[PDB]
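As structure tokens, the structure follows; a few thoughts come after it.
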Amino acid sequence: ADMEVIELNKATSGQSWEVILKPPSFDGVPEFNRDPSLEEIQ
Amino acid sequence: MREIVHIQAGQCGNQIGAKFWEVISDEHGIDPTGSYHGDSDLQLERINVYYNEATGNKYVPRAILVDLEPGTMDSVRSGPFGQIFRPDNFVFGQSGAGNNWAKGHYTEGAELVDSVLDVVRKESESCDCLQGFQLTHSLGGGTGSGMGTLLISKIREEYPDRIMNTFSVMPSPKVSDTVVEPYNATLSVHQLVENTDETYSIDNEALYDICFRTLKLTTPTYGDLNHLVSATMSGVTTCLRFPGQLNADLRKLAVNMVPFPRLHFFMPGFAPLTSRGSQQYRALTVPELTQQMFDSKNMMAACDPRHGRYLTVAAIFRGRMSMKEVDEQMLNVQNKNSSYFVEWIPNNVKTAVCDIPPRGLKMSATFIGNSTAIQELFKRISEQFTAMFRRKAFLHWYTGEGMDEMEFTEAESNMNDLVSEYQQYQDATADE
Amino acid sequence: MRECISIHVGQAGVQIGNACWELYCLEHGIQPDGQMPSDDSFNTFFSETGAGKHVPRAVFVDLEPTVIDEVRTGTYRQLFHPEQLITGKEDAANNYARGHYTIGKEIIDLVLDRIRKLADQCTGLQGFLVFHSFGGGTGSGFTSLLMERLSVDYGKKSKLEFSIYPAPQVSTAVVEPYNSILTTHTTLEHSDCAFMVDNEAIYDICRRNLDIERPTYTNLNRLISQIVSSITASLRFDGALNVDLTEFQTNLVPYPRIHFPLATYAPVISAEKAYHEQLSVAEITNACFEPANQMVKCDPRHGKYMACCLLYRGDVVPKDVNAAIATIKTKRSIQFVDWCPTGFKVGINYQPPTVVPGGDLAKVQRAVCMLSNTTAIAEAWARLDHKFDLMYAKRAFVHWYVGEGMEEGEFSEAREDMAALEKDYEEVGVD
Ligand SMILES: Nc1nc2c(ncn2[C@@H]2O[C@H](COP(=O)(O)OP(=O)(O)OP(=O)(O)O)[C@@H](O)[C@H]2O)c(=O)[nH]1
Ligand SMILES: Nc1nc2c(ncn2[C@@H]2O[C@H](COP(=O)(O)OP(=O)(O)O)[C@@H](O)[C@H]2O)c(=O)[nH]1
Ligand SMILES: [Mg+2]
């Protein structure tokens, strides 16, 4: 029944926001998982 | 990819080639003067694949007519569409090949080859984007067979990156004009395995059997056999000469049809089977057209497709029909006949539908199969060859031209390797 | 000003481009000659000439001229300047090696010179949108060659793809699995975000929802164009979500390689149908979680979400949206990975979906496009990889690529990279 929403913007044609129903379960940034140049290509 | 350069070599090559040009000219609405008199924009959309546009409304076949004998050329010029051909494109010798592969490949043929290449170069340099070459010839004769394969090798040397396609007619004892046909065929097959990208194996054994057994023609003539050849040639070239998504050019056809370089010998099929006189006929629905794909009775190569497995298949449906019905019927055949398609080449059956039916029919179907069953045709030639070669019969006709026995042994061995290669993929499993 | 350059490669790319640009013109009121009798955001996609004509910021490339020749003879021949429609003579013949090496190497410098001329007209170039098929030799081979060169010339500039995943119902080559794996391997490190469009999913939507017995590319592309327009509407109109190309990446891409979002669109309604009740926000939102409305065939219930974007268009109110999301959570699990919040980023763009007059799609008051990064998309890679393996075990058709200068080792490398990609989707979903 409870939920969180985070308002972002509003414009000529827009209005966006976040929604959170079940927050991150581990806490913190993602923890799981060249070049070239022209010479390298040729 | 646009222009195809067509070459016609020998008696058979010129006879079948002339019929091809009258059949396709009629489909594209071109009369014997070169003028377009049709009433459909589809007829002209890809006209440039086979015809050069000359000054004004006229269309000229991009065809080179070759023979070591003059008579056949005269017969072509005298013909219905004989006047459509470029006069400068008739290249003929005076000294024939006498149904001797050695004369066609090494002696007389070698003397005429440069005059032919000069005409093919003229046609090729005129091209915006040459796809490659299409050769019609017999394998049982001397010119079509020996000179035809010499031309393939000389053309391959100058245009190594172009597609080399042939319509090669296989000899048969049932409709034989010479006792040495097994030698001429074996020597030619050796050349084709190495030098062509795609070969349509047109078997006189199968054409005779269709005429005699199915068309009930007691004594079949070359005219009767050629009616089946021209229907097949029209069918297999449909994708190249009309707007379409599948196999629209010689290279895309080869890429879809040839999984291994040497296995480029196709078994053509056609439905419905008709005789020159039969302008009846009242028949042929979509399920009926589809069923004749596995029908050995409808094969232009004397092989039973149920004796092997299809590596790749191209099926062309012609006439006004449901694309939904075609797709359903085609899927049904693959599901019901699972065992006759290799499991290690996914979605190996490609279908195309062309609104324009061939002449005389409202509905038709053409099949192009790369089947392991084609080994039956090569086995037949090898056994006929060995029966003669074991006793060195008629060998003096070839050694007399400067040939060595080793060439015979090599050609035979290469053809038997081809048979062994087809058998290998017939027995291969998706155990992966 | 934040300009976006659109690149259309091969038949699929060019034909989808025709559908997209036709739709953009209808949305912005631009006529086929570039004239408009007039928000201002459309300038990100259309430049303006001295005569008040609006020209797409796009390049159309094909190795064969047939397809593009239709654009230069067609209704929109005046929309594009001739120099932005580039064609060769010889196609890649459904061969990645021909497209990438043999034929591609001849036209690459010319294509990049045209792209450079378009980029010179930009004050704040955001990056590129690349449309191509996986299956064709140009679509596969030329695209990966171009993507590599674009990374060199346009250092840390955003590149997004609209990739046509092959389907047997509409497939033209037996070698499409080879071309698909070769292009995916080579392009992976050069693309920021790629939206795959499975031709079978589109074929089935046209058959099921639009009652088209035998869907044509024209039918498929019109539907594709609607999804592309939904993704690009917030760049071309003053939107709030996915406002710039960098925002697509930020919102949907948690790891560099896992950059393949699943698109789901609703509603898809037949035009030749009796007047019906307009769908509510709840109804269209429910439709986003139905596998039948997906752009790629796969099962999200068997996967885990890592990001979800809901892009609404037309008569939509935030209260309606939140109520719809709340009811969905009560009935559906909607499982997210441990390290991600269970949530949605929602965007509303006020313009209702525009449809092509005489088209198969009905005009609706409101529509929605959900872009979700799910591990279930790995199922699409697995299907492709298996078909590759079947043929590759026998080296079937390999000679065609080797003959063009490719090495057999490139096939092994491409397949190993795909195995690592499948492994990445598996590792990402673990906890
Ligand atoms: N959705 C969609 N798919 C298409 C279209 N045209 C081709 N395809 C698909 O793309 C694949 C064929 O590749 P193409 O784009 O036609 O070929 P190409 O890029 O021009 O490359 P080459 O012709 O080999 O030089 C198959 O999977 C087709 O189903 C189109 O207009 N729409
Ligand atoms: N189908 C068909 N086969 C032919 C025709 N003419 C000859 N043949 C066959 O071709 C072989 C003889 O070769 P031919 O082309 O006459 O000799 P060439 O002039 O030296 O090439 C034999 O297998 C004949 O049965 C023809 O018009 N049609
Ligand atoms: Mg193409």
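Each chain of the structure tokens is named A, B, ... in the order shown, its residues numbered from 1; ligands are numbered from 1 in display order.
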Residues within 7 Å of residue 20 (chain A), only C-alpha atoms, excluding chain neighbours under 6 positions, as a ChimeraX atom specification: /A:3-5 /C:341-343
Residues within 7 Å of residue 139 (chain B), please, as a VMD selection string. Count only C-alpha atoms; anything in the same chain fewer than 2 positions from it doesn't count. chain B and resid 137 141 144 to 145 168 to 171 184 to 185 188
Residues just named, written with N, CA, C and O atoms as a compact mmCIF listing (two decimals), in the first residue's frame:
# COMPACT_ATOMS: atom_id res chain seq x y z
N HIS B 137 25.66 -25.89 -71.88
CA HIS B 137 26.43 -26.86 -72.67
C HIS B 137 26.07 -28.29 -72.30
O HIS B 137 25.45 -28.53 -71.25
N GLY B 141 29.37 -34.35 -75.35
CA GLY B 141 29.97 -33.93 -76.61
C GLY B 141 31.40 -33.48 -76.50
O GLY B 141 32.08 -33.77 -75.52
N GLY B 144 30.78 -28.34 -76.46
CA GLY B 144 30.11 -27.96 -75.22
C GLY B 144 30.89 -28.43 -74.00
O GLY B 144 31.20 -27.65 -73.09
N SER B 145 31.30 -29.67 -74.05
CA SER B 145 32.04 -30.29 -72.97
C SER B 145 33.51 -29.82 -72.81
O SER B 145 33.85 -29.22 -71.78
N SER B 168 24.60 -27.66 -67.16
CA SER B 168 25.36 -28.75 -67.76
C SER B 168 24.51 -29.95 -68.04
O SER B 168 23.96 -30.53 -67.10
N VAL B 169 24.37 -30.33 -69.31
CA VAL B 169 23.54 -31.48 -69.61
C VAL B 169 24.30 -32.79 -69.66
O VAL B 169 25.25 -32.95 -70.42
N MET B 170 23.91 -33.70 -68.74
CA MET B 170 24.51 -35.03 -68.50
C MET B 170 24.08 -36.00 -69.56
O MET B 170 22.88 -36.10 -69.83
N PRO B 171 25.02 -36.78 -70.11
CA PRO B 171 24.64 -37.78 -71.13
C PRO B 171 23.97 -39.04 -70.56
O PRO B 171 24.13 -39.39 -69.38
N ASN B 184 33.84 -38.11 -72.01
CA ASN B 184 33.64 -36.67 -72.15
C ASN B 184 33.01 -36.09 -70.89
O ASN B 184 33.44 -35.03 -70.44
N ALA B 185 32.04 -36.79 -70.31
CA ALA B 185 31.37 -36.33 -69.10
C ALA B 185 32.31 -36.31 -67.90
O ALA B 185 32.38 -35.30 -67.21
N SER B 188 34.86 -33.57 -68.04
CA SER B 188 34.19 -32.29 -67.80
C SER B 188 33.82 -32.06 -66.35
O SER B 188 33.94 -30.93 -65.88
Would you pick out the contacts of region 237-253 of chain C at 6 Å or less, using only C-alpha atoms, so that residues sharing its chain but fewer than 4 positions from it are not included, and give the list as an NGL selection string? (:A and (9-16)) or (:C and (41 or 233 or 259 or 307 or 347 or 349))
Show me which residues are within 8 Å of ligand 3 counting only C-alpha atoms and all ligand atoms, and format the list as a PyMOL selection string. chain C and resi 10-12+62-64+67+91-94+136-139
Include C-alpha atoms and write out the residues we just selected as a PDB file, in the first residue's frame.
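Dumped to selection-v1.pdb:
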ATOM      1  CA  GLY C  10      21.624  -1.592 -45.450  1.00  0.00           C
ATOM      2  CA  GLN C  11      18.095  -2.472 -46.643  1.00  0.00           C
ATOM      3  CA  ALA C  12      16.570  -2.952 -43.166  1.00  0.00           C
ATOM      4  CA  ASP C  62      23.818   0.909 -48.716  1.00  0.00           C
ATOM      5  CA  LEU C  63      26.432  -1.062 -50.719  1.00  0.00           C
ATOM      6  CA  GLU C  64      23.839  -1.727 -53.463  1.00  0.00           C
ATOM      7  CA  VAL C  67      16.810   0.499 -51.830  1.00  0.00           C
ATOM      8  CA  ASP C  91      26.298  -5.446 -52.270  1.00  0.00           C
ATOM      9  CA  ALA C  92      27.808  -7.521 -49.487  1.00  0.00           C
ATOM     10  CA  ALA C  93      25.886 -10.620 -50.697  1.00  0.00           C
ATOM     11  CA  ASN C  94      24.688 -11.529 -47.136  1.00  0.00           C
ATOM     12  CA  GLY C 136      22.476  -8.756 -44.132  1.00  0.00           C
ATOM     13  CA  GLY C 137      26.124  -8.363 -45.178  1.00  0.00           C
ATOM     14  CA  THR C 138      25.853  -4.525 -45.230  1.00  0.00           C
ATOM     15  CA  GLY C 139      23.705  -4.321 -42.070  1.00  0.00           C
TER      16      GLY C 139
END
Site check for ligand 2: residues at most 9 Å away, only C-alpha atoms and all ligand atoms, as number ranges by chain: B: 9-16, 67-69, 72, 96-101, 104, 137-148, 169-178, 181, 185, 202-204, 207-208, 221-229
Could you give me the residues within 9 Å of ligand 1, counting only C-alpha atoms and all ligand atoms, as a VMD selection string? (chain B and resid 245 252) or (chain C and resid 9 to 17 62 to 64 67 90 to 96 98 to 99 132 to 143 164 to 173 176 197 to 199 202 to 203 216 to 221 224)
Would you export the selected residues with C-alpha atoms as an mmCIF file, in the first residue's frame, please?
data_model
loop_
_atom_site.group_PDB
_atom_site.id
_atom_site.type_symbol
_atom_site.label_atom_id
_atom_site.label_comp_id
_atom_site.auth_asym_id
_atom_site.auth_seq_id
_atom_site.Cartn_x
_atom_site.Cartn_y
_atom_site.Cartn_z
ATOM 1 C CA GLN B 245 13.995 -10.596 -51.779
ATOM 2 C CA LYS B 252 23.436 -14.394 -52.869
ATOM 3 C CA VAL C 9 22.747 1.039 -42.935
ATOM 4 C CA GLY C 10 21.624 -1.592 -45.450
ATOM 5 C CA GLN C 11 18.095 -2.472 -46.643
ATOM 6 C CA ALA C 12 16.570 -2.952 -43.166
ATOM 7 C CA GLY C 13 18.182 0.287 -41.816
ATOM 8 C CA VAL C 14 17.223 2.374 -44.864
ATOM 9 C CA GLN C 15 13.615 1.020 -44.975
ATOM 10 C CA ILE C 16 13.122 1.576 -41.194
ATOM 11 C CA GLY C 17 14.640 5.055 -41.700
ATOM 12 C CA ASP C 62 23.818 0.909 -48.716
ATOM 13 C CA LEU C 63 26.432 -1.062 -50.719
ATOM 14 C CA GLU C 64 23.839 -1.727 -53.463
ATOM 15 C CA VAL C 67 16.810 0.499 -51.830
ATOM 16 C CA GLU C 90 28.124 -4.234 -55.404
ATOM 17 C CA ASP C 91 26.298 -5.446 -52.270
ATOM 18 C CA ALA C 92 27.808 -7.521 -49.487
ATOM 19 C CA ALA C 93 25.886 -10.620 -50.697
ATOM 20 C CA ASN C 94 24.688 -11.529 -47.136
ATOM 21 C CA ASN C 95 28.407 -11.876 -46.152
ATOM 22 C CA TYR C 96 29.709 -9.990 -43.097
ATOM 23 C CA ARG C 98 32.312 -8.498 -47.718
ATOM 24 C CA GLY C 99 30.512 -5.754 -45.865
ATOM 25 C CA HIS C 132 20.725 -1.780 -39.288
ATOM 26 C CA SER C 133 19.879 -5.471 -39.662
ATOM 27 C CA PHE C 134 21.993 -8.205 -37.992
ATOM 28 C CA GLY C 135 21.413 -10.558 -40.953
ATOM 29 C CA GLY C 136 22.476 -8.756 -44.132
ATOM 30 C CA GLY C 137 26.124 -8.363 -45.178
ATOM 31 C CA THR C 138 25.853 -4.525 -45.230
ATOM 32 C CA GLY C 139 23.705 -4.321 -42.070
ATOM 33 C CA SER C 140 26.209 -6.580 -40.217
ATOM 34 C CA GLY C 141 29.603 -5.978 -41.874
ATOM 35 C CA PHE C 142 29.395 -2.324 -42.779
ATOM 36 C CA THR C 143 27.840 -1.286 -39.463
ATOM 37 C CA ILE C 164 16.991 -5.904 -36.483
ATOM 38 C CA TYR C 165 17.262 -9.305 -34.912
ATOM 39 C CA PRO C 166 16.594 -11.983 -37.649
ATOM 40 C CA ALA C 167 13.379 -14.090 -38.030
ATOM 41 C CA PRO C 168 12.923 -17.209 -40.314
ATOM 42 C CA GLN C 169 9.389 -16.008 -41.437
ATOM 43 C CA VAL C 170 11.116 -13.059 -43.153
ATOM 44 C CA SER C 171 14.859 -14.295 -43.315
ATOM 45 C CA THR C 172 16.663 -13.980 -46.693
ATOM 46 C CA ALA C 173 19.945 -15.867 -45.796
ATOM 47 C CA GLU C 176 22.229 -14.778 -40.836
ATOM 48 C CA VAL C 197 13.893 -5.550 -32.590
ATOM 49 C CA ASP C 198 13.074 -9.236 -33.192
ATOM 50 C CA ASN C 199 11.354 -9.504 -36.601
ATOM 51 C CA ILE C 202 6.896 -7.668 -34.853
ATOM 52 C CA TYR C 203 5.558 -10.224 -37.388
ATOM 53 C CA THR C 216 5.181 -7.102 -45.265
ATOM 54 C CA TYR C 217 8.252 -4.968 -44.387
ATOM 55 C CA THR C 218 5.917 -1.915 -44.829
ATOM 56 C CA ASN C 219 3.642 -3.320 -42.038
ATOM 57 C CA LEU C 220 6.649 -4.252 -39.796
ATOM 58 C CA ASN C 221 8.424 -0.876 -40.246
ATOM 59 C CA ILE C 224 8.943 -0.301 -35.554
#
Residue 314 (chain B) surroundings by only C-alpha atoms, 7 Å radius, close-in-sequence under 4 positions cut, as a list in words: residues 349, 350, 351, 367, 368 and 369 of chain B
Where does DSSP see helix (DSSP H, G or I) in region 97-180 of chain B, if you list the residues as an MDAnalysis selection string? chainID B and resid 101:105 108:126 143:158 173:175
Within 7 Å of chain C, which residues belong to chain B? Use only C-alpha atoms and report them as a ChimeraX atom specification. /B:1,129,245-246,251-252,256,258-260,324,344-348,430,432
Contacts of region 372-375 of chain C within 8 Å, only C-alpha atoms, excl. fewer than 6 positions in-chain, as a PyMOL selection string: chain C and resi 252-253+259-263+300+303-309+425-426+428-429
Tell me, as a count of residues only, which residues lie within 7 Å of residue 373 (chain B), counting only C-alpha atoms; anything in the same chain fewer than 2 positions away does not count. 9
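Backbone DSSP of region 277-388 of chain C yields strand (DSSP E) at residues 305, 306, 307, 308, 309, 310, 311, 312, 313, 314, 342, 343, 344, 345, 346, 347, 348, 349, 366, 367, 368, 369, 370, 371, 372, 373 and 374 of chain C.
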Written file, previous selection with N, CA and C atoms, as a CSV table (one decimal), in the first residue's frame:
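The result, written out as part32.csv:
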chain,number,residue,atom,x,y,z
C,305,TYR,N,14.9,-7.9,-13.5
C,305,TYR,CA,15.1,-6.6,-14.0
C,305,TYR,C,16.2,-5.8,-13.4
C,306,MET,N,16.9,-5.0,-14.1
C,306,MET,CA,17.9,-4.1,-13.6
C,306,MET,C,17.7,-2.7,-13.7
C,307,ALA,N,16.7,-2.3,-14.6
C,307,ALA,CA,16.2,-1.0,-14.9
C,307,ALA,C,14.9,-1.0,-15.7
C,308,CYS,N,14.0,-0.1,-15.3
C,308,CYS,CA,12.7,0.0,-16.0
C,308,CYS,C,12.3,1.4,-16.3
C,309,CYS,N,12.1,1.8,-17.5
C,309,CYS,CA,11.7,3.1,-17.9
C,309,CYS,C,10.3,3.0,-18.5
C,310,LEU,N,9.4,3.8,-18.1
C,310,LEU,CA,8.0,3.9,-18.7
C,310,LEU,C,7.9,5.2,-19.4
C,311,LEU,N,7.7,5.2,-20.7
C,311,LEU,CA,7.6,6.4,-21.5
C,311,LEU,C,6.1,6.6,-22.0
C,312,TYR,N,5.3,7.4,-21.3
C,312,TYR,CA,3.9,7.7,-21.7
C,312,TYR,C,3.8,8.8,-22.7
C,313,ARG,N,2.8,8.7,-23.6
C,313,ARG,CA,2.6,9.8,-24.6
C,313,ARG,C,1.1,10.1,-24.8
C,314,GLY,N,0.8,11.3,-24.7
C,314,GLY,CA,-0.6,11.8,-24.9
C,314,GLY,C,-1.3,12.3,-23.7
C,342,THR,N,13.7,-1.8,-6.6
C,342,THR,CA,12.5,-2.2,-7.4
C,342,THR,C,11.7,-0.9,-7.7
C,343,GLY,N,11.9,-0.5,-8.9
C,343,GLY,CA,11.3,0.8,-9.3
C,343,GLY,C,11.2,1.0,-10.8
C,344,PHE,N,10.6,2.2,-11.1
C,344,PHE,CA,10.4,2.7,-12.4
C,344,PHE,C,10.8,4.1,-12.5
C,345,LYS,N,11.4,4.5,-13.6
C,345,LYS,CA,11.6,5.9,-14.0
C,345,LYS,C,10.5,6.2,-15.0
C,346,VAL,N,9.6,7.2,-14.7
C,346,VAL,CA,8.5,7.5,-15.5
C,346,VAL,C,8.6,8.8,-16.2
C,347,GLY,N,8.2,8.9,-17.5
C,347,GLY,CA,8.2,10.0,-18.3
C,347,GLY,C,6.9,10.2,-19.0
C,348,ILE,N,6.4,11.4,-19.1
C,348,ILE,CA,5.2,11.7,-19.8
C,348,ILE,C,5.5,12.8,-20.8
C,349,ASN,N,5.3,12.5,-22.1
C,349,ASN,CA,5.4,13.4,-23.2
C,349,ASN,C,4.0,13.7,-23.7
C,366,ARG,N,-3.7,7.9,-26.0
C,366,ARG,CA,-2.6,7.6,-25.1
C,366,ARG,C,-1.9,6.3,-25.4
C,367,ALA,N,-0.5,6.3,-25.4
C,367,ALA,CA,0.3,5.1,-25.6
C,367,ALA,C,1.5,5.1,-24.6
C,368,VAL,N,2.1,4.0,-24.5
C,368,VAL,CA,3.3,3.8,-23.6
C,368,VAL,C,4.3,2.8,-24.2
C,369,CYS,N,5.6,3.2,-24.0
C,369,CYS,CA,6.7,2.3,-24.3
C,369,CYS,C,7.6,2.1,-23.1
C,370,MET,N,7.7,0.8,-22.7
C,370,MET,CA,8.5,0.4,-21.6
C,370,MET,C,9.8,-0.1,-22.1
C,371,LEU,N,10.9,0.4,-21.6
C,371,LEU,CA,12.3,0.0,-21.9
C,371,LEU,C,12.8,-0.6,-20.6
C,372,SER,N,13.0,-1.9,-20.6
C,372,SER,CA,13.5,-2.6,-19.4
C,372,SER,C,14.8,-3.3,-19.7
C,373,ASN,N,15.7,-3.2,-18.8
C,373,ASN,CA,16.9,-4.0,-18.9
C,373,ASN,C,16.7,-5.3,-18.1
C,374,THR,N,16.4,-6.4,-18.8
C,374,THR,CA,16.1,-7.7,-18.1
C,374,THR,C,17.2,-8.7,-18.6
Neighbour list for residue 278 (chain C) as a count of residues only, cut-off 12 Å, only C-alpha atoms, skip fewer than 4 positions in-chain: 13
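Closest approach to residue 196 (chain B) among B:262, B:122, B:216, B:241: B:262, based on only C-alpha atoms.
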